[PDB]
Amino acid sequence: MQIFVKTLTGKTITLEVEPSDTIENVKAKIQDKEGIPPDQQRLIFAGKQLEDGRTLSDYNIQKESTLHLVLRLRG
């Protein structure tokens, strides 16, 4: 399915995933097309932080759902 990831700069990256995909896979997908390390990633949806272990269906994330990404400050 197609979902959206809102980068803070304003740019909205589109992503192709599956409901069984893990949060660790999606960060790796965002890295793979935006270069941001998966550790510097924090995923937010419906006011909840997504955890690496769980999957997308665990949060009832459906098609064209917009996921918010927050950068954690770690140099």
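Quick note: we count residues from 1 along the sequence shown, nothing fancier. C-alpha atoms forming the largest set that superposes within 1.5 Å between two forms make up the rigid core.
Relative to the shown model and aligned on the rigid core, the C-alphas in 9 other deposited structures of this protein deviate most, among 8 to 16 and 57 to 65, for 8 to 16.
Placement of the Cα temperature factor of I36 within the chain: lowest third of the modelled residues, per the deposited record. In the PDB entry, a CA B factor belonging to the lowest third of its chain's modelled residues is recorded for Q62. Among all modelled residues in its chain, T55 ranks in the highest third by Cα B-factor. Sorting the modelled residues of the chain by their CA temperature factor places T9 in the lowest third.
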